[PDB]
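Quick look at run-v1.pdb (PDB, C-alpha atoms (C1' of nucleotides)):
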ATOM      1  CA  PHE A   1      -5.391  10.534  26.957  1.00  0.00           C
ATOM      2  CA  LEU A   2      -7.638  11.375  24.018  1.00  0.00           C
ATOM      3  CA  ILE A   3      -9.824   8.708  22.463  1.00  0.00           C
ATOM      4  CA  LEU A   4     -11.143   8.563  18.900  1.00  0.00           C
ATOM      5  CA  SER A   5     -12.415   5.872  16.561  1.00  0.00           C
ATOM      6  CA  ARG A   6     -10.869   5.397  13.191  1.00  0.00           C
ATOM      7  CA  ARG A   7     -11.954   2.926  10.479  1.00  0.00           C
ATOM      8  CA  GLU A   8      -9.784   1.425   7.756  1.00  0.00           C
ATOM      9  CA  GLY A   9      -8.106   4.276   5.858  1.00  0.00           C
ATOM     10  CA  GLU A  10      -8.995   7.140   8.278  1.00  0.00           C
ATOM     11  CA  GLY A  11      -6.148   9.091   9.820  1.00  0.00           C
ATOM     12  CA  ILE A  12      -5.112  11.399  12.688  1.00  0.00           C
ATOM     13  CA  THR A  13      -2.861  14.464  12.378  1.00  0.00           C
ATOM     14  CA  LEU A  14      -0.585  15.917  15.045  1.00  0.00           C
ATOM     15  CA  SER A  15       0.231  19.577  14.425  1.00  0.00           C
ATOM     16  CA  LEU A  16       1.571  21.520  17.368  1.00  0.00           C
ATOM     17  CA  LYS A  17      -0.328  24.406  18.858  1.00  0.00           C
ATOM     18  CA  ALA A  18       0.863  27.644  17.204  1.00  0.00           C
ATOM     19  CA  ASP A  19       0.906  29.693  20.481  1.00  0.00           C
ATOM     20  CA  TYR A  20       2.900  27.520  22.921  1.00  0.00           C
ATOM     21  CA  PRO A  21       6.587  28.474  23.570  1.00  0.00           C
ATOM     22  CA  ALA A  22       9.088  26.624  21.364  1.00  0.00           C
ATOM     23  CA  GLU A  23      11.629  25.292  23.837  1.00  0.00           C
ATOM     24  CA  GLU A  24       8.860  24.649  26.402  1.00  0.00           C
ATOM     25  CA  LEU A  25       7.456  21.785  24.378  1.00  0.00           C
ATOM     26  CA  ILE A  26      10.717  19.962  23.634  1.00  0.00           C
ATOM     27  CA  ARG A  27      11.512  19.085  27.273  1.00  0.00           C
ATOM     28  CA  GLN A  28       8.073  17.615  27.995  1.00  0.00           C
ATOM     29  CA  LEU A  29       8.751  15.150  25.178  1.00  0.00           C
ATOM     30  CA  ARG A  30      12.403  14.422  25.926  1.00  0.00           C
ATOM     31  CA  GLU A  31      10.777  13.406  29.222  1.00  0.00           C
ATOM     32  CA  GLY A  32       7.094  12.619  28.524  1.00  0.00           C
ATOM     33  CA  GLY A  33       6.948  11.386  24.943  1.00  0.00           C
ATOM     34  CA  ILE A  34       3.779  10.797  22.928  1.00  0.00           C
ATOM     35  CA  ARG A  35       1.700   7.728  23.669  1.00  0.00           C
ATOM     36  CA  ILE A  36      -0.445   5.907  21.127  1.00  0.00           C
ATOM     37  CA  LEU A  37      -2.599   3.106  22.557  1.00  0.00           C
ATOM     38  CA  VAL A  38      -4.891   0.962  20.453  1.00  0.00           C
ATOM     39  CA  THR A  39      -7.385   0.609  23.293  1.00  0.00           C
ATOM     40  CA  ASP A  40      -9.786  -1.703  21.534  1.00  0.00           C
ATOM     41  CA  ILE A  41     -10.400  -3.041  18.085  1.00  0.00           C
ATOM     42  CA  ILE A  42     -13.995  -4.068  17.131  1.00  0.00           C
ATOM     43  CA  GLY A  43     -15.261  -5.136  13.709  1.00  0.00           C
ATOM     44  CA  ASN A  44     -14.285  -2.324  11.361  1.00  0.00           C
ATOM     45  CA  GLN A  45     -13.594   0.254  14.101  1.00  0.00           C
ATOM     46  CA  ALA A  46     -10.208   0.704  15.729  1.00  0.00           C
ATOM     47  CA  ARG A  47     -10.383   2.790  18.834  1.00  0.00           C
ATOM     48  CA  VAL A  48      -7.210   4.718  19.531  1.00  0.00           C
ATOM     49  CA  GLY A  49      -5.948   6.673  22.492  1.00  0.00           C
ATOM     50  CA  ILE A  50      -3.432   9.500  22.213  1.00  0.00           C
ATOM     51  CA  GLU A  51      -1.492  11.074  25.075  1.00  0.00           C
ATOM     52  CA  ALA A  52       0.465  14.212  24.338  1.00  0.00           C
ATOM     53  CA  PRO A  53       1.669  17.427  25.963  1.00  0.00           C
ATOM     54  CA  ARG A  54      -0.979  20.152  25.801  1.00  0.00           C
ATOM     55  CA  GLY A  55       0.986  21.995  23.109  1.00  0.00           C
ATOM     56  CA  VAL A  56       0.238  19.424  20.479  1.00  0.00           C
ATOM     57  CA  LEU A  57      -2.993  19.641  18.614  1.00  0.00           C
ATOM     58  CA  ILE A  58      -4.667  16.320  17.856  1.00  0.00           C
ATOM     59  CA  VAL A  59      -7.258  16.273  15.103  1.00  0.00           C
ATOM     60  CA  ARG A  60      -9.079  13.582  13.306  1.00  0.00           C
ATOM     61  CA  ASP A  61      -8.190  14.223   9.693  1.00  0.00           C
ATOM     62  CA  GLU A  62     -11.726  15.136   8.617  1.00  0.00           C
ATOM     63  CA  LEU A  63     -11.452  18.377  10.601  1.00  0.00           C
ATOM     64  CA  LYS A  64      -9.747  20.350   7.819  1.00  0.00           C
TER      65      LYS A  64
ATOM     66  CA  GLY B   1       6.278   6.907   2.877  1.00  0.00           C
ATOM     67  CA  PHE B   2       5.532   6.037   6.525  1.00  0.00           C
ATOM     68  CA  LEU B   3       6.251   3.301   9.112  1.00  0.00           C
ATOM     69  CA  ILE B   4       3.871   0.257   9.414  1.00  0.00           C
ATOM     70  CA  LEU B   5       3.393  -1.960  12.510  1.00  0.00           C
ATOM     71  CA  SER B   6       0.579  -4.158  13.769  1.00  0.00           C
ATOM     72  CA  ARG B   7      -0.987  -3.718  17.200  1.00  0.00           C
ATOM     73  CA  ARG B   8      -3.674  -5.703  19.122  1.00  0.00           C
ATOM     74  CA  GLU B   9      -6.160  -4.508  21.767  1.00  0.00           C
ATOM     75  CA  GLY B  10      -4.159  -2.914  24.595  1.00  0.00           C
ATOM     76  CA  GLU B  11      -0.867  -2.895  22.624  1.00  0.00           C
ATOM     77  CA  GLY B  12       0.769   0.531  22.111  1.00  0.00           C
ATOM     78  CA  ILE B  13       3.348   2.741  20.395  1.00  0.00           C
ATOM     79  CA  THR B  14       5.593   5.380  22.015  1.00  0.00           C
ATOM     80  CA  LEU B  15       7.071   8.246  20.048  1.00  0.00           C
ATOM     81  CA  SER B  16      10.423   9.439  21.265  1.00  0.00           C
ATOM     82  CA  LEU B  17      12.540  12.181  19.775  1.00  0.00           C
ATOM     83  CA  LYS B  18      16.099  10.992  19.106  1.00  0.00           C
ATOM     84  CA  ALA B  19      18.449  12.112  21.934  1.00  0.00           C
ATOM     85  CA  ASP B  20      21.067  13.521  19.517  1.00  0.00           C
ATOM     86  CA  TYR B  21      18.813  15.593  17.122  1.00  0.00           C
ATOM     87  CA  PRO B  22      19.078  19.366  17.883  1.00  0.00           C
ATOM     88  CA  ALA B  23      16.269  20.939  19.949  1.00  0.00           C
ATOM     89  CA  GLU B  24      15.539  23.831  17.538  1.00  0.00           C
ATOM     90  CA  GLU B  25      15.727  21.621  14.413  1.00  0.00           C
ATOM     91  CA  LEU B  26      12.965  19.227  15.388  1.00  0.00           C
ATOM     92  CA  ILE B  27      10.514  22.034  15.788  1.00  0.00           C
ATOM     93  CA  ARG B  28      11.116  23.016  12.178  1.00  0.00           C
ATOM     94  CA  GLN B  29      10.236  19.527  10.999  1.00  0.00           C
ATOM     95  CA  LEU B  30       6.848  19.367  12.787  1.00  0.00           C
ATOM     96  CA  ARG B  31       5.990  22.996  11.951  1.00  0.00           C
ATOM     97  CA  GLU B  32       6.197  22.017   8.262  1.00  0.00           C
ATOM     98  CA  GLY B  33       5.148  18.315   8.322  1.00  0.00           C
ATOM     99  CA  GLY B  34       3.197  17.485  11.513  1.00  0.00           C
ATOM    100  CA  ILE B  35       3.200  13.781  12.422  1.00  0.00           C
ATOM    101  CA  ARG B  36       0.545  11.645  10.698  1.00  0.00           C
ATOM    102  CA  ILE B  37      -1.221   8.457  11.905  1.00  0.00           C
ATOM    103  CA  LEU B  38      -3.106   6.268   9.458  1.00  0.00           C
ATOM    104  CA  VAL B  39      -4.897   3.068  10.372  1.00  0.00           C
ATOM    105  CA  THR B  40      -3.867   1.425   7.165  1.00  0.00           C
ATOM    106  CA  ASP B  41      -5.767  -1.801   7.695  1.00  0.00           C
ATOM    107  CA  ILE B  42      -7.954  -3.585  10.193  1.00  0.00           C
ATOM    108  CA  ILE B  43      -8.037  -7.377  10.156  1.00  0.00           C
ATOM    109  CA  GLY B  44      -9.620  -9.340  13.022  1.00  0.00           C
ATOM    110  CA  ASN B  45      -7.608  -8.898  16.199  1.00  0.00           C
ATOM    111  CA  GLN B  46      -4.769  -6.803  14.817  1.00  0.00           C
ATOM    112  CA  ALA B  47      -4.768  -3.156  13.798  1.00  0.00           C
ATOM    113  CA  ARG B  48      -2.249  -2.041  11.239  1.00  0.00           C
ATOM    114  CA  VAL B  49      -0.957   1.467  11.915  1.00  0.00           C
ATOM    115  CA  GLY B  50       0.902   3.884   9.663  1.00  0.00           C
ATOM    116  CA  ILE B  51       2.914   6.707  11.208  1.00  0.00           C
ATOM    117  CA  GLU B  52       4.709   9.397   9.191  1.00  0.00           C
ATOM    118  CA  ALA B  53       7.221  11.397  11.188  1.00  0.00           C
ATOM    119  CA  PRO B  54      10.478  13.500  10.805  1.00  0.00           C
ATOM    120  CA  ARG B  55      13.693  11.525  11.288  1.00  0.00           C
ATOM    121  CA  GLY B  56      13.807  13.561  14.538  1.00  0.00           C
ATOM    122  CA  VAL B  57      11.294  11.139  16.130  1.00  0.00           C
ATOM    123  CA  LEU B  58      11.798   7.523  17.207  1.00  0.00           C
ATOM    124  CA  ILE B  59       8.842   5.228  16.655  1.00  0.00           C
ATOM    125  CA  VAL B  60       8.917   2.178  18.936  1.00  0.00           C
ATOM    126  CA  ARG B  61       6.344  -0.509  19.772  1.00  0.00           C
ATOM    127  CA  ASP B  62       5.716  -0.238  23.557  1.00  0.00           C
ATOM    128  CA  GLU B  63       7.151  -3.751  24.167  1.00  0.00           C
ATOM    129  CA  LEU B  64      10.789  -2.993  23.122  1.00  0.00           C
ATOM    130  CA  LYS B  65      11.643  -1.287  26.449  1.00  0.00           C
TER     131      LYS B  65
ATOM    132  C1'   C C   1     -21.588  -7.901  15.036  1.00  0.00           C
ATOM    133  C1'   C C   2     -24.020  -3.299  12.369  1.00  0.00           C
ATOM    134  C1'   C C   3     -25.843   2.549  12.699  1.00  0.00           C
ATOM    135  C1'   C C   4     -24.999   7.321  14.129  1.00  0.00           C
ATOM    136  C1'   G C   5     -22.451  10.865  16.407  1.00  0.00           C
ATOM    137  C1'   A C   6     -17.750  13.116  18.477  1.00  0.00           C
ATOM    138  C1'   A C   7     -13.089  20.701  18.096  1.00  0.00           C
ATOM    139  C1'   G C   8     -12.874  15.397  21.863  1.00  0.00           C
ATOM    140  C1'   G C   9      -7.184  15.833  25.763  1.00  0.00           C
ATOM    141  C1'   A C  10     -12.103  11.615  28.389  1.00  0.00           C
ATOM    142  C1'   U C  11      -9.366   4.506  27.958  1.00  0.00           C
ATOM    143  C1'   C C  12     -15.748   9.682  24.085  1.00  0.00           C
ATOM    144  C1'   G C  13     -21.431   9.440  23.433  1.00  0.00           C
ATOM    145  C1'   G C  14     -26.029   7.461  21.360  1.00  0.00           C
ATOM    146  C1'   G C  15     -29.173   3.945  18.959  1.00  0.00           C
ATOM    147  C1'   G C  16     -30.508  -1.342  16.940  1.00  0.00           C
TER     148        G C  16
ATOM    149  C1'   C D   1     -10.562 -15.391   9.369  1.00  0.00           C
ATOM    150  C1'   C D   2      -6.221 -17.567  12.611  1.00  0.00           C
ATOM    151  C1'   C D   3      -0.634 -18.708  13.918  1.00  0.00           C
ATOM    152  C1'   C D   4       4.557 -15.808  14.509  1.00  0.00           C
ATOM    153  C1'   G D   5       7.456 -12.817  13.590  1.00  0.00           C
ATOM    154  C1'   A D   6       8.924  -7.528  12.962  1.00  0.00           C
ATOM    155  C1'   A D   7      15.063  -1.705  16.091  1.00  0.00           C
ATOM    156  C1'   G D   8      10.937  -1.475  11.338  1.00  0.00           C
ATOM    157  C1'   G D   9      10.598   4.884   8.764  1.00  0.00           C
ATOM    158  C1'   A D  10       8.694   0.323   4.292  1.00  0.00           C
ATOM    159  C1'   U D  11       0.663   1.183   3.548  1.00  0.00           C
ATOM    160  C1'   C D  12       6.525  -4.877   7.095  1.00  0.00           C
ATOM    161  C1'   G D  13       7.878 -10.294   6.618  1.00  0.00           C
ATOM    162  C1'   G D  14       6.605 -15.691   7.255  1.00  0.00           C
ATOM    163  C1'   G D  15       2.718 -20.233   8.007  1.00  0.00           C
ATOM    164  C1'   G D  16      -1.906 -22.238   7.523  1.00  0.00           C
TER     165        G D  16
END
Would you mind writing the file's structure down as structure tokens?
Amino acid sequence: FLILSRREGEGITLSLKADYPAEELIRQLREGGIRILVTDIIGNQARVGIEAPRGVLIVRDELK
Amino acid sequence: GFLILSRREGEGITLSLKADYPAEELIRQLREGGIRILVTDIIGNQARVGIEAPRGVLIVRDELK
RNA sequence: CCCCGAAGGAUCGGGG
RNA sequence: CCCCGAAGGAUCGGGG
């Protein structure tokens, strides 16, 4: 699980790591799947959790 | 053009890839689009969440099985 | 409730 | 600010 705070209007982008083997990934999902939990909301700040095979990159949008 | 659904503290979303979509085809769609996650709005107890993703992926609120 | 941070895979960290 | 919906790909619909 990875945890980041977003406000209204802020996003999160899920590329997939360039290196990892193509087929490799696909099974982990057909089995695993990606999990998006909204672990706690407070005032203006949503606090999200993301759980994803290690071949997916997760970046807050403001990281280019 | 993405998918909108409200969640509360502790509520989730699970992203499946449709069982019929080809293995090799999906990859193409992420390689060129990624999957995006906007928090469109926050109001009180409920978070409003936008998710943009290739028809290859099934977006379901965690409480539908 | 604010504020600030977070290249972080952790249900993140720090301040009023 | 609440309520309740939402198998829905649409920055979702309904009531105070």
*Tell me, in Å to one decimal, how far CA of residue 40 (chain A) is from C1' of residue 10 (chain D).*
25.4 Å
*Top pick for closest residue to residue 27 (chain A), considering B:25, B:38, B:17, B:61 and counting all atoms listed in the file*: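 Looking only at the distances to residue 27 (chain A), the closest residue turns out to be B:17.
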Spatial neighbours of residue 5 (chain D), max dist 12 Å, all atoms listed in the file, sep filter under 6 positions, as a PDB file with C-alpha atoms (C1' of nucleotides), keeping the file's coordinate frame:
ATOM      1  CA  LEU B   5       3.393  -1.960  12.510  1.00  0.00           C
ATOM      2  CA  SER B   6       0.579  -4.158  13.769  1.00  0.00           C
TER       3      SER B   6
ATOM      4  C1'   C D  12       6.525  -4.877   7.095  1.00  0.00           C
ATOM      5  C1'   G D  13       7.878 -10.294   6.618  1.00  0.00           C
ATOM      6  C1'   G D  14       6.605 -15.691   7.255  1.00  0.00           C
ATOM      7  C1'   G D  15       2.718 -20.233   8.007  1.00  0.00           C
TER       8        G D  15
END
*Quick one, how far is CA of residue 52 (chain B) from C1' of residue 9 (chain D)?*
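Value for the CA of residue 52 (chain B)-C1' of residue 9 (chain D) distance: 7.4 Å.
Taking CA of residue 35 (chain B) and CA of residue 10 (chain A) as endpoints, the distance between them is 14.5 Å.
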*Check what the PyMOL selection byres ((chain A and resi 17) around 12) selects in the file above and give those residues as a PyMOL selection string.*
(chain A and resi 14-16+18-22+24-25+52-59) or (chain B and resi 27+30-31+34)
I need the residues from that last selection saved to file as a tab-separated table (two decimals), in the frame of the given file (with C-alpha atoms), if you can.
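Writing done, so here's selection10.tsv:
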chain	number	residue	atom	x	y	z
A	14	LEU	CA	-0.58	15.92	15.04
A	15	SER	CA	0.23	19.58	14.42
A	16	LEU	CA	1.57	21.52	17.37
A	18	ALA	CA	0.86	27.64	17.20
A	19	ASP	CA	0.91	29.69	20.48
A	20	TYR	CA	2.90	27.52	22.92
A	21	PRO	CA	6.59	28.47	23.57
A	22	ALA	CA	9.09	26.62	21.36
A	24	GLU	CA	8.86	24.65	26.40
A	25	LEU	CA	7.46	21.78	24.38
A	52	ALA	CA	0.46	14.21	24.34
A	53	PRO	CA	1.67	17.43	25.96
A	54	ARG	CA	-0.98	20.15	25.80
A	55	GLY	CA	0.99	22.00	23.11
A	56	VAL	CA	0.24	19.42	20.48
A	57	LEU	CA	-2.99	19.64	18.61
A	58	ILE	CA	-4.67	16.32	17.86
A	59	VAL	CA	-7.26	16.27	15.10
B	27	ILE	CA	10.51	22.03	15.79
B	30	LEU	CA	6.85	19.37	12.79
B	31	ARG	CA	5.99	23.00	11.95
B	34	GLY	CA	3.20	17.48	11.51
